[PDB]
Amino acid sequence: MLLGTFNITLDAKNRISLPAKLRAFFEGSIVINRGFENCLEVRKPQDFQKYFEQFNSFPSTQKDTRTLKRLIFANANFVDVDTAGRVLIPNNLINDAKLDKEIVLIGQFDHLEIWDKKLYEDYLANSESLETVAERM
């Protein structure tokens, strides 16, 4: 399981070092792809595989289903975690999430989310209460 918030820094080669606590969870490689609200998601391949199936339960004959699948999977990537537990983030992905220097990794149980510290805080700053949001589920 993946939980918690971590504050790390994007190094000069666009890599991120997995927090050791987290590094355990991930084997030799991960699938990265772009998330919602400008964040980049990280997953073990096995989990990436199961996330995807949750999509195939979507029409596909529906225009939006295709836009969604296109925006997600054409940007997913497969990266290897190096011995030091670092992940080189793809160029395009570094841009999609406005990554720069100062990353926040948040555990999402299933996956990891990589954010730009300022964007993440803004996200948190806006966005309603845990109670307000939950009542609507």
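The first residue of the shown sequence is 1; numbering continues from there.
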Worksheet item: Which has higher Cα B-factors on average according to the PDB entry: 52 to 60 or 82 to 90?
Response: 52 to 60
Item to complete: Check the entry's C-alpha temperature factors for 22 to 30 and 67 to 75, then say which stretch has the higher mean.
Response: 22 to 30
Practice prompt. Check where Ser17 lands among this chain's C-alpha B-factors and tell me if it's the lowest, middle or highest third.
Written response: middle
Discussion item. Ranking every modelled residue in this chain by its Cα temperature factor as given in the entry, which third contains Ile8?
Written reply: lowest
Worksheet entry | Record-listed C-alpha B factor of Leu119: chain third | middle
Fill in: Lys101 by Cα B-factor - lowest, middle or highest third of the modelled chain
highest
Worksheet item: If you rank every modelled residue in this chain by C-alpha B factor, which third holds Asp110: lowest, middle or highest?
Response: highest
